[PDB]
Amino acid sequence: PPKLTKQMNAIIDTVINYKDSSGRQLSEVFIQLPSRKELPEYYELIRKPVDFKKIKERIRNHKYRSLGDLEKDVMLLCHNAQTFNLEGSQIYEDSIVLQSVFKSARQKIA
Ligand SMILES: O=c1nc2n(c3cccc(Cl)c13)-c1ccc(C3CCNCC3)cc1C21CCCCC1
Ligand SMILES: [Zn+2]
């Protein structure tokens, strides 16, 4: 894979595999979007749904032209998670943590 592809894969893998001190993987509920039939209220509130599988697909198929493009989609995922999930809830807070994990990973790798 090209250099930029390896960098994005390492950045997103750091975010995906991030665990809290108890070993809980924060990204697990964000890997795959709920189906429209299982959670229609998700699609009523979220205009541009995205999950970590979609982000990995966009890295794999070279859809991000820069690290900034990758960041925009990770920030969109976190923004969608904060929009849908209750403020103060574990999922809402986990998406704030993952924004910071992404930013530190982007700086560490590139
Ligand atoms: O904002 C999100 N929000 C969550 N999910 C997301 C998936 C991908 C990206 C994002 Cl950013 C989210 C998501 C997915 C599946 C379920 C379930 C998995 C079990 N069977 C039914 C669908 C749930 C969820 C929640 C919403 C409901 C509360 C838990 C987290
Ligand atoms: Zn390729």
Side-chain angles (χ1 to χ4, degrees), residues 1-5 7-110:
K3 180 225 73 182
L4 189 63
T5 302
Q7 284 180 342
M8 294 189 181
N9 273 325
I11 292 166
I12 295 298
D13 284 0
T14 304
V15 178
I16 302 300
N17 297 316
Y18 182 81
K19 291 170 171 310
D20 63 10
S21 55
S22 300
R24 182 175 64 89
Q25 184 190 126
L26 273 66
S27 73
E28 67 198 2
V29 308
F30 304 131
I31 303 301
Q32 191 150 36
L33 277 171
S35 72
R36 188 180 297 267
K37 298 189 285 179
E38 274 175 346
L39 204 66
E41 57 262 50
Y42 195 80
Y43 296 87
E44 297 190 338
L45 299 175
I46 307 304
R47 294 136 77 215
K48 289 194 170 190
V50 62
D51 53 29
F52 279 119
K53 281 166 94 90
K54 177 60 66 175
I55 291 175
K56 291 287 289 178
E57 171 185 0
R58 289 174 181 161
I59 291 167
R60 182 171 71 249
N61 297 330
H62 317 285
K63 302 306 197 184
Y64 300 128
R65 299 188 79 93
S66 66
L67 296 169
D69 286 343
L70 171 62
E71 178 157 334
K72 281 193 281 170
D73 262 10
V74 174
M75 295 311 142
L76 175 61
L77 186 156
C78 295
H79 172 61
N80 291 346
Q82 285 160 41
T83 297
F84 187 76
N85 298 272
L86 295 175
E87 175 190 332
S89 74
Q90 195 59 76
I91 305 303
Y92 184 101
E93 304 288 304
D94 291 346
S95 70
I96 297 174
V97 169
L98 297 183
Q99 289 175 175
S100 174
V101 169
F102 174 89
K103 291 175 188 184
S104 299
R106 178 183 173 176
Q107 292 309 118
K108 172 192 72 198
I109 287 146

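Just so you know, ligand 1 is whichever comes first in the structure, and atom 1 is the first atom listed for that ligand. Sequence positions, counted from 1, serve as the residue numbers for this chain. Computed over heavy atoms, backbone and side chain alike; hydrogens, waters and symmetry mates excluded.
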Considering the heavy atoms of [X], write down every atom of ligand 1 situated less than 4.0 Å from one of them.
X: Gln32; value: 7 (C), 8 (C), 14 (C), 15 (C)
X: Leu39; value: 26 (C), 27 (C)
X: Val29; value: 5 (N), 6 (C), 7 (C), 8 (C), 13 (C), 14 (C)
X: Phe84; value: 26 (C), 27 (C)
X: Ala81; value: 1 (O), 11 (Cl)

Test item: [X] and [Y] side chains (from C-beta on) under 4.5 Å apart, heavy atoms:
X: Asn9; Y: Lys56; value: yes
X: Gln25; Y: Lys19; value: yes
X: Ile12; Y: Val74; value: yes
X: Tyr64; Y: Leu4; value: no

Sub-4.0 Å protein heavy atom next to atom 17 (C) of ligand 1: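 No; the ligand atom in question lacks any protein heavy-atom contact below 4.0 Å.
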As a test of the contact definition, would atom 26 (C) of ligand 1 count as having a protein heavy-atom neighbour under 4.0 Å?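 Protein heavy atom within 4.0 Å of atom 26 (C) of ligand 1: present.
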For [atom], what's the nearest protein heavy-atom neighbour? Residue, atom name and distance, please.
atom: atom 30 (C) of ligand 1; value: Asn85 OD1, 3.8 Å
atom: atom 21 (C) of ligand 1; value: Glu38 OE1, 3.5 Å
atom: atom 1 (O) of ligand 1; value: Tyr42 OH, 2.8 Å

Examine distances only and state if a side-chain atom of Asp51 and a backbone atom of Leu33 form a donor-acceptor pair shorter than 3.5 Å.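 At least one qualifying donor-acceptor pair exists.
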Pick one of side chain, backbone, both or neither for how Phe52 approaches ligand 1, counting any non-hydrogen atom pair under 4.0 Å.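 Neither; no heavy atom under 4.0 Å.
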Run down the list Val50, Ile55, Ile31 and name the one with the heavy atom closest to atom 9 (C) of ligand 1.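 Minimum heavy-atom distance to atom 9 (C) of ligand 1 goes to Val50.
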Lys53 atom NZ, over 12 foreign heavy atoms within 6.0 Å: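 Counting neighbours around NZ of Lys53, 12 or fewer heavy atoms of other residues, nucleotides or ligands fall under 6.0 Å, so no.
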To the nearest 0.5 Å, what is the distance between CG on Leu26 and CG on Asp20?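 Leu26 atom CG to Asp20 atom CG measures 5.5 Å (nearest 0.5 Å).
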Euclidean distance, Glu71 CD relative to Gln99 CD, rounded to 0.5 Å: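 Here the interatomic distance stands at 9.5 Å.
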Is the closest N or O pair between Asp51 and ligand 1 shorter than 3.5 Å?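 Looking only at distances, the answer is no, because the N/O contact criterion of under 3.5 Å is not met.
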Assess whether salt bridge (charged side-chain N to carboxylate O under 4.0 Å, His left out) is satisfied between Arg60 and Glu57, documenting all intermediate values. CA-CA 5 Å; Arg60 182 171 71 249; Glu57 171 185 0; 5.1 Å; no
